[PDB]
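Read the structure below first, then the notes.
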Amino acid sequence: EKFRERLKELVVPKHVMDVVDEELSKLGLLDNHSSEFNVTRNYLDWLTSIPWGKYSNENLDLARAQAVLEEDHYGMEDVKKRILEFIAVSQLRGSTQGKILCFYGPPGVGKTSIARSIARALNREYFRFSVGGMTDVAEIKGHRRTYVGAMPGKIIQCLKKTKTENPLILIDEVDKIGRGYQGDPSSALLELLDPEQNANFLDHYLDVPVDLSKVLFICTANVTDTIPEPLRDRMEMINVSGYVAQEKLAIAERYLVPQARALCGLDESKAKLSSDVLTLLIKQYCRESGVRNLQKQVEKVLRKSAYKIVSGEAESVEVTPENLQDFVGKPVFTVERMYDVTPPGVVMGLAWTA
Amino acid sequence: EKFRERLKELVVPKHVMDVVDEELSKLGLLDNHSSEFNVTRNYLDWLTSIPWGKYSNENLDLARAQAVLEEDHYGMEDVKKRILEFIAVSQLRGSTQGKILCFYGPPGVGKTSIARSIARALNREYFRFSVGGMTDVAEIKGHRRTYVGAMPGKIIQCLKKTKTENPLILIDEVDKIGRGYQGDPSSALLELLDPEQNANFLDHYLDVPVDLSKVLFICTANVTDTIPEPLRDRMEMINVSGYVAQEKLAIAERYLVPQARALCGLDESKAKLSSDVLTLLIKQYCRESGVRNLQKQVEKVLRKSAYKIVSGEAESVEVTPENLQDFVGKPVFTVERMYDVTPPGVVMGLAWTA
Amino acid sequence: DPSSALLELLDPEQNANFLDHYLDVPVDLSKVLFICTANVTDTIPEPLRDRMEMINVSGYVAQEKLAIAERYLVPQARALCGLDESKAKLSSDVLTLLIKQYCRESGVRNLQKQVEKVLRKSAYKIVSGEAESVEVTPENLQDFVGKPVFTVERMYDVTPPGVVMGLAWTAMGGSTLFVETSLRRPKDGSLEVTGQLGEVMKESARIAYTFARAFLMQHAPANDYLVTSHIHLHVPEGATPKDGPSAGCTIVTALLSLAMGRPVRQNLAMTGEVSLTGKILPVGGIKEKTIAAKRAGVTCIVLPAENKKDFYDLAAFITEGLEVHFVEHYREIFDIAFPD
Amino acid sequence: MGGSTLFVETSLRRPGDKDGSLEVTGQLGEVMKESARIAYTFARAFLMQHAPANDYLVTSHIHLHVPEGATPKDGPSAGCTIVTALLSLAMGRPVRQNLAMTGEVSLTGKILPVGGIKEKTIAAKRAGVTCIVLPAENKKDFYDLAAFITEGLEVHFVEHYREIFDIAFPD
Ligand SMILES: Nc1ncnc2c1ncn2[C@@H]1O[C@H](COP(=O)(O)OP(=O)(O)O)[C@@H](O)[C@H]1O
Ligand SMILES: Nc1ncnc2c1ncn2[C@@H]1O[C@H](COP(=O)(O)OP(=O)(O)O)[C@@H](O)[C@H]1O
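Residue numbers (PDB author numbering), protein chains in the order written: chain E, 419 to 772; chain D, 419 to 772; chain F, 602 to 787, 796 to 949; chain A, 773 to 787, 794 to 949.
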């Protein structure tokens, strides 16, 4: 009775009901202390827990969505323009729609963080899973229902936790695929990337197909060539470039420093990081195009500041450039370029890597 | 009883009658709670899920077949001729028939798209599965009922979904079949694509053979050299080549642009793309033999036009060559060839790749 | 793997309501602390890596091993073996010799096995009546433990011309490599390189050969050694493979020492990748290279100037007796190696 | 299979400033091939100081081979026996009979320790040799063996090849 009630609100397709109806009869004829009774109970619990016909209420206003995106991140105009165009398309259609987008760029630039901001702007539910060097295809679609202690696929597990059929799905490192031999999960991604095959998605644990359309898919990478040709085909390549030194300071002053201060339990009245000391961190303690390394250095400075105030060394820590060496040590990088005055036969060039 | 009416509608062979009758008596003498019950009912369910002697009402009208094929695709005379000849032969036969066809050509040319159109023209159920990067044989054939979590082959699942014995099964990426260190899966494909052995296709899970004749098998490939000789020898090779710039304009004007407008949700009077814009897009923004990259550019132009309409910048959007850069940016391929004039020692040549 | 089953344990949302399969009622795991451990950072779960704060636990040089064994390992091993301090006595000097010659790994478990073996052998002597009290000396340690694993640390006590000490990184700690050059023959010169040198280190020899040859032109124009003579270069570890550009400056010194016939300073070890112009570039693994220098008993160590942070990121006793020299160009190294 | 003895045999391939060359045959490994080159370079240098008049190892072309042709071989343990073989051929003087030597040799001339001392020592007695030459760093390994594997063997422990030369060529 309880499981029948929990399906009342959902909009279940006909093929879902017959599977549920037939398993209910099997559950009725079983016994309480039967091992397969638990398997039937576990399987039937998953089917009802998955939302059917339930779509989260989207946000279809350009003004508020643009404002939300601007506050969360700095720059990323190429990504922001695409998201604004995504919302406008949904208004003309009159119904929610899904797209497959790709964010490729240097690591730590903001590819993963921007997608979280996208979900809140669209009022969707955020779920993240990584495919860096995948080896088992069972991650995507789970195990077969007959296997003891089997579980549904991670995508199916996403609908249970998100409790809606319109989530935002994030994929990490599509350029770091794992060429498995005993199992190749690249086929599952190609099925998911194909819009025609995306509409009808089937898993091992749940024989019934599930509609994965109208779902906004984000995949992240560093360099596009390693991505397989069938995978680059179905991805909209949105490019996320690196940051210059002055751009990093704006990100650090407005986003990195206030966030790291919050995760350390401090407020702006106790620990203060000057603008010049952040410049010294960027130009000497950082060389990557992203801000991942800079974020760790800011976190480490706040960790030492928190210890100092509690342990009685001070009551308010101010990180001047003079005493920065106490918090982080000697500069990691002291020369911006190997040659300052190139001798004859030496010419500076440019490179581009992952 | 439930399995009985499922076979009452179909026309079942004598040997299938023998297996189902002996297995039906086995269920009656079996224990409901035993693990053998799950294996027996699952296999017997698959027997009842095979549409024995069930055929879709094929479309033998040559006039409508030409209309359906022409109204969904442009050019491809070689493929269109083959389908018309297939229908003409079926009229003389008085019964349905099956063939093994292979479409090979540059990617993004219409090999998969026309396959769906052919099924609509012939009133046949459409099923697609890929063999690209495939290493395990069992997916084609299946596994014995002894093994836990053993499912039938893909072909058996095709009959259950379509509920007919004359589908249009599309096998994609036959030229990129994965080499098997433990066993080549193309060896099992030969039994699938052998006209002599199609009449009796025996798989591991389903002990009874299945008449796989009267099934239109269509295979998709990019280059015919990599396809194994035994597989290539049993198939018919039809070349679907790329289009010239003049043909690309006709495809975009009639098919790509109207389809992208429906996807974005724009009326003709709202967003317009003149032939001059499309000619520029083909010549300078897409260096390809197919119309795949052109499709992405067309979607990009219409997607940006929808944003302008919602934002109120322009009530109706008209795309012209002078303001084309506002939608797609600077041209990509600004030069038709490296040397307008060839200095001594430099000779122009021609190349042909995949 | 059941990594998903561990996600709920480390997910704050699922900690409040821990839905146990056995127990229907949830339990509160929010007020619970979790600590994790790992060994190698390549097979760690990258999807789960973001949740946990990566903390590196470095090993121990022989100084901490003596302190750890004296305070923790020996008293604990003696307690398990049932011995007493008055019966079996392990002095500080023998423990240092045991660590130096038998346990050079960065871990501690191997040191536990050796001390238990000594105590186990000592227990046999007491029970059998061989001796009322068992005492361990450096000469007796071979009988109790067994085979020394590391006997000699300096292949050359005095380096002849053409031989320069270098520093290397190994899994079992540091190692000192020598670079030897000699005349293969009594026109174009050539350099044959032997030893199990990798592609990266073989290229560095070619770069070092070019710079060393060019260095002599601006230093001693009348010296036509490296331009006309055939040189054989070898790193005297035939079996063990060697790679990395860390020996670039060592090769230049060896080539110049052979050309001028002047031996290098007898207690000098140098490290650093050299460029075509002659600029010293930073080299990793400074901690392992510098401790091996102390074991080899060298006084002055030459390092690239870009490695100043790494050298000063070490304990006081590690870099106590070393007169480190930081250089940016090889011209500084040449003066240090050839003071006259 | 309890170790075995090997021989290093060299002979002249051919009867103004052109130099000689060394060709090595036998299924030698990469490490053993490098050891031959190191030994060849040291043998040239050693003969210069010992006998400047001799010009055998500089101009003549020498072929080096290990008679177990079909058996793969590897390791630098044959460094000293290759040097002795080259010097014996150059001087035209056979080495002292019933003498077996092993040990890695650097081009400077120092003898380095080698593994498998137990197997080499057992094979030395099986061939009924009188004197065995080992690196000085292997002194502990030799005396760690059982008592019955040592008697009847006059072992010489060396750290530089110049000690092997006196032993192999007493005069
Ligand atoms: N433009 C930006 N505005 C605000 N925060 C940023 C910006 N760029 C980067 N960050 C911060 O830096 C971090 C980048 O890490 P992440 O983007 O997850 O790495 P990756 O790019 O490899 O996915 C994020 O936690 C984010 O908070
Ligand atoms: N001649 C044509 N007429 C109309 N549309 C076409 C034509 N050729 C290609 N297209 C369109 O271009 C796209 C090309 O994709 P397709 O070639 O089917 O992929 P694949 O190469 O994997 O088979 C199709 O979606 C199809 O709608």
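Backbone N, C-alpha and C define an ideal beta-carbon position, used for all residues, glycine too.
Exclusion of the five residues before and after E:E614 leaves no residue of its chain whose Cβ lies closer than 7 Å to its Cβ. Using a Cβ-Cβ cut-off of 7 Å, E:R511 is close to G683 of chain D, given in chain order.
Comparing C-alpha distances from F:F824 to each of F:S855, F:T862, F:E647 and F:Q805 shows the shortest one belongs to F:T862.
Counting only runs that start and end inside the segment 851 to 909 of chain A, the beta strand (DSSP E) elements of at least 3 residues fall at 877 to 879.
When the alpha-carbon of A:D922 is set against those of A:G894, A:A905 and A:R904, the nearest one is in A:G894.
E:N657 has E:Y522 as its beta-bridge partners, per DSSP.
The beta carbon of E:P762 does not come within 8 Å of any beta carbon belonging to chain F, so the residue lies off that interface. Rounded to whole angstroms, D:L611 and D:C637 show a C-alpha spacing of 10 Å. Assignment of E:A533 by DSSP, reduced to helix, strand and coil, places it in the helix class. Relative to the Cα of D:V716, the nearest Cα in the group D:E731, D:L698 and D:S729 belongs to D:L698. Around F:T752, the beta-carbon contacts reaching into chain A at under 8 Å are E915 and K918. Chain D has a Cβ within less than 8 Å of the Cβ of E:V507. A Cβ-Cβ distance of about 18 Å is found for the pair F:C909 and F:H938, leaving them out of contact under the 8 Å criterion. Annotation for D:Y544 indicates a beta carbon at 7 Å or more from all heavy atoms of ligand 2.
If you check the CB distance, D:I536 and D:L586 come in under 8 Å. The alpha-carbon separation between E:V555 and D:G763 amounts to approximately 54 Å.
Contact with chain F is found for A:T886, since one of that chain's Cβ atoms lies less than 8 Å from the residue's Cβ. Look at F:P845: its C-beta is under 8 Å from a C-beta on chain A.
The beta carbon of D:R542 sits no closer than 8 Å to any beta carbon of chain E. For F:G775, the uninterrupted beta strand (DSSP E) segment begins and ends at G774 to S776. Put simply, the CB of F:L649 is far from chain A, with every gap to its CB atoms at 8 Å or more.
Neighbours of A:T819 across chain F, judged by C-beta separation under 9 Å: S783, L784, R785, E801, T803, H841 and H843.
Flagged as an interface residue toward chain E: F:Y921, by a C-beta distance shorter than 8 Å.
Shown here for A:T782: same chain residues with a beta carbon closer than 7 Å to its own, the five before and five after excluded, namely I840, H841, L842, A863, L864 and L867 in chain order. Put simply, the backbone Cα of E:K632 is about 23 Å away from that of D:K726. The segment 683 to 691 of chain D and the segment 656 to 668 of chain D do not touch, with fewer than three beta-carbon pairs separated by less than 8 Å. In terms of Cα proximity to D:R534, the closest of D:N657, D:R563 and D:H491 is D:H491.
With respect to the C-alpha of E:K579, the residue from E:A772, E:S467 and E:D463 having the closest C-alpha is E:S467. A straight-line Cα-Cα distance of about 19 Å links E:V709 and E:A769.
In the three-state scheme derived from DSSP, where H, G and I count as helix and E and B as strand, F:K718 is classed as helix.
In the three-state reduction of the DSSP assignment, F:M766 falls in the strand class, which pools E and B. With a cutoff of 8 Å on beta-carbon distance, F:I900 and F:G774 are scored as near each other. Taken in chain order, the complete beta strand (DSSP E) segments of 3 residues or longer contained in the segment 541 to 605 of chain E are 544 to 548 and 586 to 590. Proximity to E:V765 across F:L885, F:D758 and F:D797 peaks at F:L885, based on C-alpha coordinates. Only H561, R562, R563, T564, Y565, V566 and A568 from the segment 556 to 580 of chain E bring a Cβ to less than 9 Å from some Cβ of chain D.
Using beta-carbon distances, D:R721 counts as an interface residue toward chain E, with a partner under 8 Å.
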